[PDB]
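Visitor: To start, I am sharing the structure in question, which I have written as structure tokens.
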Amino acid sequence: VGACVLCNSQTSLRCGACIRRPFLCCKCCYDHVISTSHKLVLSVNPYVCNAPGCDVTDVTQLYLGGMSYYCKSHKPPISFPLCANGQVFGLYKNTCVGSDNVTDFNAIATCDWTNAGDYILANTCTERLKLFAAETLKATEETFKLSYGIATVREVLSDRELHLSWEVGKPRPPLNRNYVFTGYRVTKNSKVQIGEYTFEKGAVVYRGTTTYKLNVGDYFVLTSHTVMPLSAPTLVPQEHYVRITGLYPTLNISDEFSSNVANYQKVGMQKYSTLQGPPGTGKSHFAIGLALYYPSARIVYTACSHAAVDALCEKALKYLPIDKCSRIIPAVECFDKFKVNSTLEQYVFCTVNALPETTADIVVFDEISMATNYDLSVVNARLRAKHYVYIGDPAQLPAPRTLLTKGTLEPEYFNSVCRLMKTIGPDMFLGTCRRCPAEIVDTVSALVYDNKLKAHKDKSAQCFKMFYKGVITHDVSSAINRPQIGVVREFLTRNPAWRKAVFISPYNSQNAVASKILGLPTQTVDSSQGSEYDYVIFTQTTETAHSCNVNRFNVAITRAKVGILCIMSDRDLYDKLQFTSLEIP
Amino acid sequence: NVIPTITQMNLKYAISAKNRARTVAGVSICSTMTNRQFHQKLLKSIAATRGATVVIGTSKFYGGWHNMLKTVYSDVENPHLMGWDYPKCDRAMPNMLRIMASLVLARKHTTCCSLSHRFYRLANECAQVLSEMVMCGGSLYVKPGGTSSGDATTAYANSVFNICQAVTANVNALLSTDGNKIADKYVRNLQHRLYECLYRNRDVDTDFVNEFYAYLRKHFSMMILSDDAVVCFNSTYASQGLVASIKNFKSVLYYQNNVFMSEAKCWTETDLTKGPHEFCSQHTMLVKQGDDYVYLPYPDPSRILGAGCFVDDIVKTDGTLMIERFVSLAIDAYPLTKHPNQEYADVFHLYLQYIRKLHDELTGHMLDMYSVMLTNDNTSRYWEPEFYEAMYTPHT
Amino acid sequence: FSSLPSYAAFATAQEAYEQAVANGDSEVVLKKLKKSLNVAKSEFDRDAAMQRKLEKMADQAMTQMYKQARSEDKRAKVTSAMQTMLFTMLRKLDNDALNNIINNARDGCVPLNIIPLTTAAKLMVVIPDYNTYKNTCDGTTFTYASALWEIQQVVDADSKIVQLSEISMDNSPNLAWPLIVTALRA
Amino acid sequence: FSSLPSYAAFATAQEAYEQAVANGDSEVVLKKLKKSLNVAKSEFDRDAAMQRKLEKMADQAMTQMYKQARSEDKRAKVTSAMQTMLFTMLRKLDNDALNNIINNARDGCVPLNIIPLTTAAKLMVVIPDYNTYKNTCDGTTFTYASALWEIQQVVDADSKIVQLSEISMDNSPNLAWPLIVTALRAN
RNA sequence: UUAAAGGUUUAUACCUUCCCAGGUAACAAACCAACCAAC
Ligand SMILES: [Zn+2]
Ligand SMILES: [Zn+2]
Ligand SMILES: [Zn+2]
């Protein structure tokens, strides 16, 4: 028993081959079986022929008799077909409205999540269909993770280097930090976890969360978890007020916090607020600023990853009372300076998949660009708050979509919050960028920020760009441009002060080669978000859509605080780059 | 051959009036098969006979209770009613009497089995239902004796043991009487020949066995069901010490059962227009129906109300899913309408009204929500007294 | 059984036979109007029989299934229904000794062991703050479970002892607050 | 029932019937016409009532032998289970301390109740109270069945470990007290 | 009011018997499932 996903009509008929088993009203279920390949009908019992040794599972061939369901070959004389008169017999048959068009639901429930069109339908459909699309996309990702083979430690060549034998007949997952494995210790009759691990080409260089002395026998698989049903929408209904509702602003605020006071009042004027924060603008400065601005308000800080919420705790520890703050951790080393698992504390810090069921005066979403409609819906089902604050940036990276192969996911399709602010504009905006010099700011303001991003620093004259195709080589799951690295090596010899820089690239293999050749610390652009360095060296290494991602490139070259060197393969972004150009040595 | 087996010790979960954790015996399958291939045919005849002393298999509906009570009143001179119950029948019964019951049950194989076959069947029975090895909570223990409730022939063996105890009580009552004071020549000669046949003869005398059986049937009429018994006896002979009284039962139990019985288990009735005080936990009341006075059994109303209020599974807590549960209870509680006490009839009337309310509630969840009507007309008789009155009328 | 086409056939036959009987036409001709008439009930009182059995299959199929949607749903929500029923009956009982501890436990005061019935045994209670300490304990007495219990010991959450006169409001924060209190029934 | 031969005869008789009825020759001619179809409706009767009642028995036969096959597979499963259970419980027999005591029997028959008494290598005592613990299982080593046993493990009713130092007189009321003490036969 | 009986097949009508179909009701026997009571 449930509610029809297209009608909200009470129903018990679930599409049997449809992975999330959604409740479909008799008319809706009839259309879903007659217009797709879904032929299994699940009700309280299945509408499967209960005759011995029968495989008939299509409802349009089934007849109800006596007290059961039979195929035409096995049916008794007296019956009426389960599929007749434009509806399927079942619970709540009379109370049924139906839908004029079933195309969107069919497209979402039949898609393999490999096309950008699937995501555009998922993020542009109705709220209930949005929820179903989120459920089926996460379930499809979870099952696809199981499609990868088992990697077992055959030989431990040294520390930080292993030798892995892979399962036959199954694909090997790409070796990058986006694929987090888990070890398993061989026992008498079962297996036990030995931690979470990441892998990279060497042999294979492994980086586990907890150091161990693993030997021959340990194996790694990508951990999967049960996909929970959704009930709450991705966004609560918008409400606009004439006064600040449920909050009391402080009468004494510091000049560190005065710039956002007007934005702190707008947070009180609406049910939910969308906030865009450029690199180095003080997104943590703002969100923790709402805490002191409303001292009596109970605020829950939530984020998708452990890293961001800990960074919020780090900035909270700098400005907020340690006794009133709490860090919720499920039963990964994270923030451990607040009291652990204290739901009823005034200031609660936790991630999406571990938030408890509670209420608060304000709930703070950080890093909303990596958030999906699933994470949006889950927390709203967990937290009921008077005010809702979404902080993130469309011009920054999204959560990776492994199944996506065709097309590029525009920011206005990452999630519901990203869709509004990319269309109706952000509710507030901080126009001051404090980290990068003006030249990076002016380049990234025109590219993605509508020229709305202002710089706080002046021009640094250490932002340097070079156009160099080089030679691109490909390994199993990444790309390498050794001549691009060689140019950087020649640059370092003539500019020894640039050896304090951090090497960044959109490919892990490029970082692996550059680390041994240059010796600089290496970071992928996806992992570099939320960090900062004085100098960085960026190599595009390709001209692919992965490297030319205007959200990624915004993230890539903006991790430098003083100076930057960009070896570019794409002419379009090179021309957009307002840096001082060089000639190839 | 001999096949020792293991019988598991399960723990029951049911409604009761005293806090004892009653347990039952999960006997194995081989013993079940081999004991069936004997006592299926032995006992299906017992369960299908009407008018005998053992009333196993006789229903109380459609006038069965009246027929049984009138049969047990079969021509007694100065009738009184008496009843008793053994304190611990299963856990204190000696092995000798169980062996005796098994032997009298196997007496029916005079043709199909030779002596060796009978002995080995008896050995198998003694090995797996008398002194078997019981598994109580994951450990094996040796059973001292008694009887295992959960085998094929528990009730019939209990009936045999009950009849044996009654006959022993009668014999002890007759042989212990003075004898010089007995004023009836026939009874004095009966006593003399009873002593001769007990302690002066090594072989069975069928003539005196028939004579004494006729005497017992004439003056001491029994009705036996497992360990329950109701007896109609000549009061004058019992007062004179010529048939077994209740103290004769107590002495026999004391010296042949290692058990002392008290008045909490036994009762007497001097007016037989009221029926037995208790038999199978049913009270008997003489009512009038259709120009005839009949006997109807009614239960303790507390039992019916407790069965209504407390349930085994949580699904039974919702009335609409289990309505036949209340129909059966109303069938069992109908005879309370005739009781002089008003609350007893109020129980049955309350049950009928609750059944009506349950039917209306079931109809409402349907019509309102998923628009369908299933009231029918065969349901309307479930809250009328005719359907239940027909259960106690002798026409089937 | 009115919305069927062979109903229209039966109606035509009935009209024809009514005309034949009201007219008194012939002997064999009206036999023809009763030949194709009594058969019209052989494809009516039949096709309106299987379908009429089908309908009662329906109403009662829709029934063996609402009560399973119901049976399998009811045994999946026991843990909240039982608790709500418990507290509804407990509130309906309206006993002072039960209500006192109900309110004490809803705000601050939970005992650490079964409340003893004898006049000797020990009782250990948890006091979370001073506000409850005012309501319950007054001096060397302790009113709880509608009974009087003399305190023999009060120790803070850090397992350090505390005396029965320091406790006040000026050492408000100079006391750890999850005080535990030991008492004996009077 | 359409691929039956009598359908063709019924159809051709009916076709001639409708053709001559539209023609409408006479009763003297249509008598044979309306008798041939009246016997063709009787033929298709027979053979169609000789067929649709065999589809029931064939279906019943298929179901019955389905059921018998299922039973015959379950029998093999239970046979394998019983045999493997016997063979795995035989391997704990301690086939050296049992052979010696068996060989000393005059006939080879020994009572069952003395087999675990003189051969088993583990003893598990169950203790209801401390006073019974004092007289039976006192200390780290005790004696029973004319043998000496040494304690290795003690658990309470909750199957949690208890050290031998916790079993005192005054500390007894703080223990679940069907204590299970397991020990090995020492030599 | 129209000699008699007998003869044949065919058409019509009635009655009777058998057989083959279709529906209604009853009775019983089996099987399956849920529930209640007693020792
Ligand atoms: Zn589907
Ligand atoms: Zn619908
Ligand atoms: Zn089938």
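Just remember, in the structure tokens the first chain shown is A, the second B, etc., residues are 1-based per chain, and ligands are 1-based in the order shown.
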Counting only C-alpha atoms (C1' of nucleotides) and all ligand atoms, name the residues that have an atom within 9 Å of an atom of ligand 3; the answer should be given as an mmCIF file with N, CA, C and O atoms, in the first residue's frame.
Guide:
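Output saved as result04.cif:
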```cif
data_model
loop_
_atom_site.group_PDB
_atom_site.id
_atom_site.type_symbol
_atom_site.label_atom_id
_atom_site.label_comp_id
_atom_site.auth_asym_id
_atom_site.auth_seq_id
_atom_site.Cartn_x
_atom_site.Cartn_y
_atom_site.Cartn_z
ATOM 1 N N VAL A 48 1.536 -13.301 -10.345
ATOM 2 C CA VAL A 48 2.264 -14.338 -11.060
ATOM 3 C C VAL A 48 1.445 -15.617 -10.983
ATOM 4 O O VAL A 48 0.812 -15.909 -9.964
ATOM 5 N N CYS A 49 1.430 -16.363 -12.083
ATOM 6 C CA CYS A 49 0.679 -17.609 -12.123
ATOM 7 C C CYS A 49 1.212 -18.574 -11.074
ATOM 8 O O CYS A 49 2.376 -18.982 -11.122
ATOM 9 N N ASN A 50 0.354 -18.940 -10.126
ATOM 10 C CA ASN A 50 0.740 -19.787 -9.008
ATOM 11 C C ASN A 50 0.658 -21.272 -9.337
ATOM 12 O O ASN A 50 0.724 -22.101 -8.425
ATOM 13 N N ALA A 51 0.505 -21.623 -10.611
ATOM 14 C CA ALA A 51 0.565 -23.016 -11.010
ATOM 15 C C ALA A 51 2.001 -23.523 -10.914
ATOM 16 O O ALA A 51 2.953 -22.771 -11.141
ATOM 17 N N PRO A 52 2.186 -24.800 -10.568
ATOM 18 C CA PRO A 52 3.547 -25.338 -10.450
ATOM 19 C C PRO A 52 4.294 -25.341 -11.774
ATOM 20 O O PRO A 52 3.734 -25.698 -12.814
ATOM 21 N N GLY A 53 5.562 -24.939 -11.741
ATOM 22 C CA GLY A 53 6.404 -25.014 -12.920
ATOM 23 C C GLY A 53 6.057 -24.038 -14.021
ATOM 24 O O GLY A 53 6.381 -24.292 -15.185
ATOM 25 N N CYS A 54 5.411 -22.926 -13.690
ATOM 26 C CA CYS A 54 5.059 -21.919 -14.677
ATOM 27 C C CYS A 54 5.936 -20.687 -14.499
ATOM 28 O O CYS A 54 6.340 -20.346 -13.385
ATOM 29 N N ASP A 55 6.223 -20.024 -15.617
ATOM 30 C CA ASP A 55 7.039 -18.820 -15.621
ATOM 31 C C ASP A 55 6.274 -17.587 -16.075
ATOM 32 O O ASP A 55 6.900 -16.555 -16.339
ATOM 33 N N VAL A 56 4.950 -17.662 -16.195
ATOM 34 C CA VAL A 56 4.204 -16.532 -16.731
ATOM 35 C C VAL A 56 4.196 -15.420 -15.693
ATOM 36 O O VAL A 56 3.719 -15.597 -14.566
ATOM 37 N N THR A 57 4.757 -14.276 -16.066
ATOM 38 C CA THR A 57 4.933 -13.146 -15.174
ATOM 39 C C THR A 57 4.358 -11.852 -15.738
ATOM 40 O O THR A 57 4.467 -10.805 -15.087
ATOM 41 N N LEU A 62 -2.851 -12.930 -17.388
ATOM 42 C CA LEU A 62 -3.211 -13.529 -16.110
ATOM 43 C C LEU A 62 -4.696 -13.347 -15.829
ATOM 44 O O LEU A 62 -5.303 -12.331 -16.177
ATOM 45 N N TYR A 69 -4.066 -16.433 -8.840
ATOM 46 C CA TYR A 69 -3.826 -15.894 -10.169
ATOM 47 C C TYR A 69 -3.171 -16.952 -11.044
ATOM 48 O O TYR A 69 -2.221 -17.619 -10.621
ATOM 49 N N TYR A 70 -3.677 -17.099 -12.267
ATOM 50 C CA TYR A 70 -3.282 -18.194 -13.138
ATOM 51 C C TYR A 70 -2.981 -17.654 -14.528
ATOM 52 O O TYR A 70 -3.494 -16.606 -14.925
ATOM 53 N N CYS A 71 -2.148 -18.379 -15.269
ATOM 54 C CA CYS A 71 -2.004 -18.079 -16.684
ATOM 55 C C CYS A 71 -3.169 -18.707 -17.448
ATOM 56 O O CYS A 71 -3.932 -19.519 -16.914
ATOM 57 N N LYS A 72 -3.317 -18.316 -18.716
ATOM 58 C CA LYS A 72 -4.439 -18.806 -19.512
ATOM 59 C C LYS A 72 -4.404 -20.325 -19.635
ATOM 60 O O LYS A 72 -5.451 -20.982 -19.604
ATOM 61 N N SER A 73 -3.207 -20.899 -19.768
ATOM 62 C CA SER A 73 -3.083 -22.349 -19.862
ATOM 63 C C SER A 73 -3.534 -23.042 -18.581
ATOM 64 O O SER A 73 -4.173 -24.099 -18.644
ATOM 65 N N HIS A 74 -3.216 -22.470 -17.419
ATOM 66 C CA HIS A 74 -3.515 -23.085 -16.131
ATOM 67 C C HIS A 74 -4.752 -22.490 -15.466
ATOM 68 O O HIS A 74 -5.014 -22.773 -14.293
ATOM 69 N N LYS A 75 -5.532 -21.662 -16.200
ATOM 70 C CA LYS A 75 -6.566 -20.997 -15.419
ATOM 71 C C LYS A 75 -7.789 -21.892 -15.236
ATOM 72 O O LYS A 75 -8.032 -22.800 -16.038
#
```
Visitor: Do me a favour and pick out the residues of chain D within 12 Å of chain B, using only C-alpha atoms, as a count of residues only.
Guide: 6
Visitor: Taking only C-alpha atoms (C1' of nucleotides) and all ligand atoms into account, list the residues no farther than 8 Å from ligand 1, as a list in words.
Guide: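 Using only C-alpha atoms (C1' of nucleotides) and all ligand atoms, everything at most 8 Å from ligand 1 comes to residues 14, 15, 16, 17, 18, 19, 20, 21, 22, 32, 33, 36, 38, 106, 109 and 110 of chain A.
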Visitor: Using DSSP on the backbone coordinates, identify the residues of stretch 239-402 of chain A assigned to strand (DSSP E); present them as number ranges by chain.
Guide: A: 272-276, 299-303, 325-327, 339-340, 347-351, 358-365, 383-392
Visitor: Could those selected residues go to a file with N, CA and C atoms, as a CSV table (one decimal), in the first residue's frame?
Guide:
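selection-v1.csv, written as the output of this step:
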```csv
chain,number,residue,atom,x,y,z
A,272,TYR,N,13.4,30.0,2.8
A,272,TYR,CA,14.7,29.4,2.4
A,272,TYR,C,15.4,30.5,1.6
A,273,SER,N,16.7,30.5,1.7
A,273,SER,CA,17.6,31.5,1.0
A,273,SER,C,18.7,30.7,0.3
A,274,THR,N,18.9,31.1,-1.0
A,274,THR,CA,20.0,30.5,-1.8
A,274,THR,C,21.2,31.5,-1.8
A,275,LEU,N,22.4,31.0,-1.5
A,275,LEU,CA,23.5,31.9,-1.3
A,275,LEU,C,24.6,31.4,-2.3
A,276,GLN,N,25.2,32.3,-3.1
A,276,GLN,CA,26.3,31.9,-3.9
A,276,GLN,C,27.6,32.6,-3.4
A,299,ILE,N,21.1,26.2,15.3
A,299,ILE,CA,21.5,26.1,14.0
A,299,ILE,C,22.1,24.7,13.8
A,300,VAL,N,21.7,24.0,12.7
A,300,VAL,CA,22.3,22.7,12.3
A,300,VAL,C,23.1,22.9,11.1
A,301,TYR,N,24.4,22.6,11.1
A,301,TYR,CA,25.3,22.8,10.0
A,301,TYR,C,25.4,21.4,9.3
A,302,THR,N,25.1,21.3,8.0
A,302,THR,CA,25.1,20.1,7.3
A,302,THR,C,25.8,20.3,5.9
A,303,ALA,N,26.4,19.2,5.5
A,303,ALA,CA,27.2,19.2,4.2
A,303,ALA,C,27.3,17.8,3.7
A,325,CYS,N,28.5,23.5,20.8
A,325,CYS,CA,28.7,22.9,19.5
A,325,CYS,C,28.8,21.4,19.6
A,326,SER,N,28.3,20.6,18.6
A,326,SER,CA,28.4,19.2,18.7
A,326,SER,C,28.7,18.7,17.3
A,327,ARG,N,29.5,17.6,17.2
A,327,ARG,CA,29.8,17.0,15.9
A,327,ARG,C,29.2,15.5,15.9
A,339,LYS,N,31.9,17.9,21.2
A,339,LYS,CA,31.2,16.7,21.8
A,339,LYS,C,30.5,15.9,20.7
A,340,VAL,N,30.7,14.6,20.8
A,340,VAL,CA,30.3,13.7,19.7
A,340,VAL,C,28.9,13.2,20.0
A,347,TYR,N,24.2,24.0,18.6
A,347,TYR,CA,24.8,24.0,17.3
A,347,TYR,C,25.2,22.6,16.9
A,348,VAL,N,24.6,22.0,15.9
A,348,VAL,CA,24.8,20.6,15.5
A,348,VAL,C,25.5,20.5,14.2
A,349,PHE,N,26.6,19.8,14.1
A,349,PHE,CA,27.3,19.6,12.9
A,349,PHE,C,27.3,18.2,12.5
A,350,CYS,N,26.8,17.9,11.2
A,350,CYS,CA,26.7,16.5,10.8
A,350,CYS,C,26.6,16.5,9.2
A,351,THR,N,26.8,15.3,8.7
A,351,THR,CA,26.6,15.2,7.2
A,351,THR,C,25.2,14.7,6.8
A,358,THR,N,15.4,15.8,13.9
A,358,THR,CA,15.3,16.9,14.9
A,358,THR,C,14.8,18.2,14.2
A,359,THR,N,14.6,19.2,15.0
A,359,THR,CA,14.2,20.5,14.5
A,359,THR,C,15.2,21.6,14.9
A,360,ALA,N,15.2,22.7,14.2
A,360,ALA,CA,16.1,23.7,14.5
A,360,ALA,C,15.5,25.1,14.0
A,361,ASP,N,16.1,26.2,14.5
A,361,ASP,CA,15.7,27.5,14.1
A,361,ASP,C,16.2,27.8,12.7
A,362,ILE,N,17.5,27.4,12.4
A,362,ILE,CA,18.1,27.6,11.0
A,362,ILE,C,18.8,26.3,10.7
A,363,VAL,N,18.8,25.9,9.4
A,363,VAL,CA,19.6,24.8,8.9
A,363,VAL,C,20.5,25.4,7.8
A,364,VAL,N,21.8,25.1,7.9
A,364,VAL,CA,22.7,25.6,6.9
A,364,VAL,C,23.2,24.5,6.0
A,365,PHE,N,22.9,24.6,4.7
A,365,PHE,CA,23.5,23.8,3.7
A,365,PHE,C,24.7,24.5,3.1
A,383,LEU,N,15.3,17.3,9.0
A,383,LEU,CA,15.3,18.5,9.7
A,383,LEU,C,14.1,19.4,9.2
A,384,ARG,N,13.4,19.9,10.2
A,384,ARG,CA,12.3,20.9,10.0
A,384,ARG,C,12.8,22.2,10.7
A,385,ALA,N,12.9,23.2,9.9
A,385,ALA,CA,13.5,24.5,10.4
A,385,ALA,C,12.7,25.7,9.9
A,386,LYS,N,12.8,26.8,10.7
A,386,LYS,CA,12.1,28.0,10.4
A,386,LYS,C,12.7,28.7,9.2
A,387,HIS,N,14.1,28.6,9.1
A,387,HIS,CA,14.8,29.3,8.0
A,387,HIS,C,15.8,28.3,7.4
A,388,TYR,N,16.0,28.4,6.1
A,388,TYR,CA,16.8,27.5,5.4
A,388,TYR,C,17.8,28.2,4.5
A,389,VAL,N,19.1,27.9,4.7
A,389,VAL,CA,20.2,28.7,4.0
A,389,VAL,C,21.0,27.7,3.2
A,390,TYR,N,21.0,27.9,1.9
A,390,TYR,CA,21.7,27.1,0.9
A,390,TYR,C,22.9,27.9,0.5
A,391,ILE,N,24.1,27.4,0.7
A,391,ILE,CA,25.4,28.0,0.3
A,391,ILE,C,26.1,27.1,-0.7
A,392,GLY,N,26.5,27.7,-1.8
A,392,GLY,CA,27.2,26.9,-2.8
A,392,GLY,C,27.6,27.8,-4.0
```
Visitor: Within 12 Å of ligand 2, which residues show up when you count only C-alpha atoms (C1' of nucleotides) and all ligand atoms? List them as a short mmCIF file (atom, residue, chain, number, x, y, z; two decimals) with C-alpha atoms, in the first residue's frame, please.
Guide:
```cif
data_model
loop_
_atom_site.label_atom_id
_atom_site.label_comp_id
_atom_site.auth_asym_id
_atom_site.auth_seq_id
_atom_site.Cartn_x
_atom_site.Cartn_y
_atom_site.Cartn_z
CA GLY A 2 1.27 3.45 -0.97
CA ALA A 3 0.58 6.45 -3.21
CA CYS A 4 0.64 6.55 -7.01
CA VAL A 5 3.75 8.44 -8.10
CA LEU A 6 1.88 10.26 -10.90
CA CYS A 7 -1.53 10.76 -9.25
CA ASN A 8 -0.99 10.55 -5.45
CA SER A 9 -3.99 8.19 -5.61
CA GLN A 10 -3.82 5.40 -3.05
CA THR A 11 -2.59 2.21 -4.71
CA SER A 12 -0.91 -1.14 -4.09
CA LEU A 13 0.25 -1.98 -7.64
CA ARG A 14 4.02 -1.68 -8.04
CA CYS A 15 5.74 -2.02 -11.41
CA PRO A 22 6.93 2.66 -7.55
CA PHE A 23 3.27 2.60 -6.67
CA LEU A 24 1.25 2.99 -9.87
CA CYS A 25 -2.50 3.50 -10.04
CA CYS A 26 -4.50 1.01 -12.10
CA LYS A 27 -4.66 3.31 -15.13
CA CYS A 28 -1.08 4.47 -14.58
CA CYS A 29 0.13 0.89 -14.08
CA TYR A 30 -1.76 -0.23 -17.19
CA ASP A 31 -0.11 2.48 -19.28
CA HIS A 32 3.32 1.76 -17.76
CA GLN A 87 -6.88 -0.83 -15.87
CA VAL A 88 -5.27 -3.60 -13.81
CA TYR A 92 -8.06 1.07 -4.73
CA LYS A 93 -9.42 0.42 -8.22
CA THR A 95 -10.40 5.60 -6.42
CA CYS A 96 -8.23 6.23 -9.48
CA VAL A 97 -7.65 9.41 -11.50
CA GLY A 98 -4.94 8.52 -14.02
CA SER A 99 -2.60 10.82 -15.89
CA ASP A 100 -2.85 12.43 -19.31
CA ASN A 101 0.83 11.84 -20.11
CA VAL A 102 3.08 9.08 -18.76
CA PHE A 105 7.90 8.67 -15.82
CA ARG A 128 7.40 13.47 -6.98
CA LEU A 129 8.96 12.36 -10.26
#
```
Visitor: Would you mind telling me which residue in E:36, E:25, E:3, E:30 lies nearest to chain B when using only C-alpha atoms (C1' of nucleotides)?
Guide: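 When distances to chain B are compared using only C-alpha atoms (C1' of nucleotides), the smallest one comes from E:36.
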Visitor: Residues of chain E within 9 Å of chain B, counting only C-alpha atoms (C1' of nucleotides) - could you list those as JSON, numbers by chain?
Guide: {"E": [35, 36, 37, 38, 39]}
Visitor: Can I get the residues of chain B within 12 Å of chain A, each with the closest pair of atoms and their distance in Å to one decimal, using only C-alpha atoms, sorted chain first then ascending number, as a Markdown table?
Guide:
```
| residue | atom | partner | partner_atom | distance |
| --- | --- | --- | --- | --- |
| B:365 | CA | A:92 | CA | 11.8 |
| B:366 | CA | A:92 | CA | 9.8 |
| B:367 | CA | A:94 | CA | 10.4 |
| B:368 | CA | A:95 | CA | 10.3 |
| B:369 | CA | A:95 | CA | 7.7 |
| B:370 | CA | A:92 | CA | 5.2 |
| B:371 | CA | A:94 | CA | 6.2 |
| B:372 | CA | A:94 | CA | 8.3 |
```
Visitor: Please report, as a VMD selection string, each residue of stretch 121-330 of chain A to which DSSP assigns helix (DSSP H, G or I) when run on this structure's backbone.
Guide: chain A and resid 121 to 124 127 to 146 261 to 267 283 to 293 306 to 319 322 to 324
Visitor: List every residue of chain A that has an atom at most 8 Å from any atom of chain C, giving for each one its closest atom pair and the distance in Å to one decimal, counting only C-alpha atoms, sorted by chain and then by ascending residue number, as JSON lines.
Guide:
```
{"residue": "A:1", "atom": "CA", "partner": "C:69", "partner_atom": "CA", "distance": 6.8}
{"residue": "A:44", "atom": "CA", "partner": "C:69", "partner_atom": "CA", "distance": 6.8}
{"residue": "A:65", "atom": "CA", "partner": "C:57", "partner_atom": "CA", "distance": 7.7}
{"residue": "A:66", "atom": "CA", "partner": "C:57", "partner_atom": "CA", "distance": 7.4}
{"residue": "A:67", "atom": "CA", "partner": "C:61", "partner_atom": "CA", "distance": 7.1}
{"residue": "A:78", "atom": "CA", "partner": "C:50", "partner_atom": "CA", "distance": 7.0}
{"residue": "A:79", "atom": "CA", "partner": "C:54", "partner_atom": "CA", "distance": 6.4}
{"residue": "A:80", "atom": "CA", "partner": "C:54", "partner_atom": "CA", "distance": 7.0}
{"residue": "A:90", "atom": "CA", "partner": "C:62", "partner_atom": "CA", "distance": 7.5}
{"residue": "A:91", "atom": "CA", "partner": "C:62", "partner_atom": "CA", "distance": 7.0}
```
Visitor: So, counting only C-alpha atoms, which residue among A:476, A:76, A:422, A:338 is closest to chain D?
Guide: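 Under the stated criterion, the closest residue is A:76.
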Visitor: I need the contact residues of chain B against chain C, so if you could list those with any atom within 8 Å, counting only C-alpha atoms, and return them as a ChimeraX atom specification, that would help.
Guide: /B:314-315,321,372-374
Visitor: Given the selection you just returned, output its residues as a file containing N, CA and C atoms, formatted as a short mmCIF file (atom, residue, chain, number, x, y, z; two decimals), in the first residue's frame.
Guide:
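And here is the file that came out, result07.cif:
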```
data_model
loop_
_atom_site.label_atom_id
_atom_site.label_comp_id
_atom_site.auth_asym_id
_atom_site.auth_seq_id
_atom_site.Cartn_x
_atom_site.Cartn_y
_atom_site.Cartn_z
N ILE B 314 -0.86 -10.21 17.55
CA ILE B 314 -1.34 -8.83 17.51
C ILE B 314 -2.37 -8.61 16.41
N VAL B 315 -2.32 -9.39 15.32
CA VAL B 315 -3.35 -9.28 14.29
C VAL B 315 -4.73 -9.57 14.87
N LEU B 321 -10.52 -8.17 11.05
CA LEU B 321 -9.82 -9.27 10.40
C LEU B 321 -10.23 -10.63 10.92
N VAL B 372 -16.85 -0.14 -2.42
CA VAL B 372 -17.35 -1.47 -2.73
C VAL B 372 -18.29 -1.85 -1.58
N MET B 373 -19.38 -2.59 -1.81
CA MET B 373 -20.26 -3.07 -0.71
C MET B 373 -20.39 -4.62 -0.58
N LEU B 374 -19.99 -5.25 0.54
CA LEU B 374 -19.98 -6.70 0.69
C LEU B 374 -20.82 -7.17 1.87
#
```
Visitor: Can you list, as a tab-separated table (two decimals) with C-alpha atoms, in the first residue's frame, every protein, DNA or RNA residue that comes within 9 Å of residue B:62 when you count only C-alpha atoms (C1' of nucleotides), leaving out same-chain residues fewer than 3 positions away?
Guide:
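Wrote part_18.tsv, looks like this:
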```
chain	number	residue	atom	x	y	z
B	59	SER	CA	-19.68	-34.14	20.78
B	65	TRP	CA	-24.52	-33.73	26.40
B	390	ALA	CA	-29.83	-24.47	16.34
B	391	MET	CA	-26.52	-25.76	17.76
B	392	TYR	CA	-28.15	-27.19	20.91
B	393	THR	CA	-31.24	-28.76	19.28
B	394	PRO	CA	-31.24	-32.53	18.63
B	395	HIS	CA	-31.63	-32.73	14.86
B	396	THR	CA	-28.14	-33.74	13.63
```
